[PDB]
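These notes concern the structure reproduced below.
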There are 2 protein chains.
Amino acid sequence: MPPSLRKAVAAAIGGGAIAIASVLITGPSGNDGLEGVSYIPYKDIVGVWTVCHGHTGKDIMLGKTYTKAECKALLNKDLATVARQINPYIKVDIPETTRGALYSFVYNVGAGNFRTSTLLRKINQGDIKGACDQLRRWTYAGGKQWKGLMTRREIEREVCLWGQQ
Amino acid sequence: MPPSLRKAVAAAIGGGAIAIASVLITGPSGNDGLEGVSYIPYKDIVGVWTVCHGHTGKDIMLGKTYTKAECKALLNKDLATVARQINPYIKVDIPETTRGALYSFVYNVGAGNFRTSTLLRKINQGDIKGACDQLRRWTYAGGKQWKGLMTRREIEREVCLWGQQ
């Protein structure tokens, strides 16, 4: 991963999985992460309304220009939600890096997908290294493989396996 | 602080930042820490129901008597929440003493207040001395400086500055 991002994830470690994920999504500067940011609402490719760091919901004011602080508040809430949605399903102790990287993964890919993934089953069997490797299989959308996903998956993989080496 | 407590801090240091904060809140006995303990809902001065060592939610039963057991459940959860809400905002590496000190402070003053604060800004510019000193600015409410908050911030501060001697 870029060295600034690496250092960023390093300092977030004391802050636990949530903070780790927040670095992955927003990046060191808070605007150069694996997710885009947008201060004004827009419809995505599936026609869902979205703003800030990829935030969707029934609470988007279409006429509003959002601040950096609003965007960060909303991410916090959404990450807490991801945690709520997936942590029940992780039946084993994993390191904070691994947890944070799965948050970032699930943020992108959705809770359903994760619940039925092979990645989870390898987590629940204690195969951490094997779970982190499953990430590379998640680069396909519209029967095309995406350079942007393959990169994201590589970076989430590094962090997922951060403790090992 | 009181020696009764200065020791009991050090007692759960190896428990990490959560355990440091949780200590400051309950103190060794359970009432003799920074928060007020109460096993029946009372309406506080601003008219919010409150129970145990400061727990407020919508999850409160108005005639119920809570146990020493159920209040530990509420606190731990509440403190999980504080860590979720503030850590992503903390971009640098910090001692578990310092972090735990901040968990307590935010318990008291709220995530919003914290996210906009000068203190967090000093934290993130690496200035930990400068950070902890900012605790002292948080001793007013309703016009007046309170001696009780003046104490409470000196305590939180002491713990905040445990690394630097």
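Computed quantities for the displayed model
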quantity: Over 31 Å (Cα to Cα) - which of B:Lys58/B:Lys122; A:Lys7/A:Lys64; A:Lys64/B:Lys144; A:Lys122/B:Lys122; A:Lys58/B:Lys77 fall in this group; calculated: B:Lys58/B:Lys122; A:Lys7/A:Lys64; A:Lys64/B:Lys144; A:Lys122/B:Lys122
quantity: Point-charge dipole on Cβ atoms (K/R +1, D/E -1) for chain A, about Cα centre, debye to 20; calculated: 280
quantity: FRET efficiency, A:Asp59 to A:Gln165 (Cβ-Cβ, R0 35 Å, nearest 0.05); calculated: 0.25
quantity: Square roots of five times the Cα gyration tensor eigenvalues for the protein assembly as shown, Å; calculated: 37, 22, 21
quantity: Alpha-carbon centroid distance for the pair region A:20-72 / region A:115-144, whole angstrom; calculated: 26
quantity: Neighbour-limited loop hits for chymotrypsin sites (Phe, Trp or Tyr not before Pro), region B:28-90 (at most 13 other Cβ within 10 Å; DSSP other than H, G, I, E, B); calculated: B:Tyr39
quantity: Environment charge at B:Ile13 (Cβ cut-off 12 Å; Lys +1, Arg +1, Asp -1, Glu -1); calculated: +2
quantity: Relative contact order (%) - criterion: Cα under 8 Å, at least six apart; region: chain A; calculated: 20
quantity: Paired Rg and Dmax values of region A:73-134, which use every Cα atom, in angstrom; calculated: 11.1, 35
quantity: Alpha-carbon Debye profile of chain B, log10 I(q)/I(0) at 0.17 Å⁻¹; calculated: -1.05
quantity: Sequence of B:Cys71, A:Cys132 once ranked by neighbouring C-beta atoms within 10 Å, starting from the fewest; calculated: B:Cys71, A:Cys132
quantity: Options A:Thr97, A:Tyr140, A:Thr81, ranked by Cα towards positive dipole end of chain A, top entry (Cβ charges); calculated: A:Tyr140
quantity: Rounded tilt (10° steps) of A:16-26 against the dominant C-alpha axis of chain A; calculated: 50
quantity: Of B:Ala101, B:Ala141, B:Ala12, the one that fluctuates the most in a GNM where chain B has Cα springs shorter than 10 Å; calculated: B:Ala141
quantity: Folded to 0 to 90 degrees: helix A:147-160 orientation relative to chain A principal axis, Cα; calculated: 50
quantity: Around A:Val48: net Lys/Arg minus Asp/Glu count, Cβ-Cβ under 15 Å; calculated: -2
quantity: Cα long-axis angle, helix A:96-109 against chain A (0 to 90 degrees, to the nearest 10); calculated: 50
quantity: Given charges at beta-carbon only (K, R positive; D, E negative), |dipole| of the protein assembly as shown in Debye; calculated: 320
quantity: Net charge, B:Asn87 excluded, C-beta distance under 11 Å - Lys, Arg +1, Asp, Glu -1; calculated: +2
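All of the numbers you see were taken from the coordinates with simple rules; none came from a lab. Cβ: placed from backbone, ideal geometry, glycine included. Neighbour counts: every protein chain shown.
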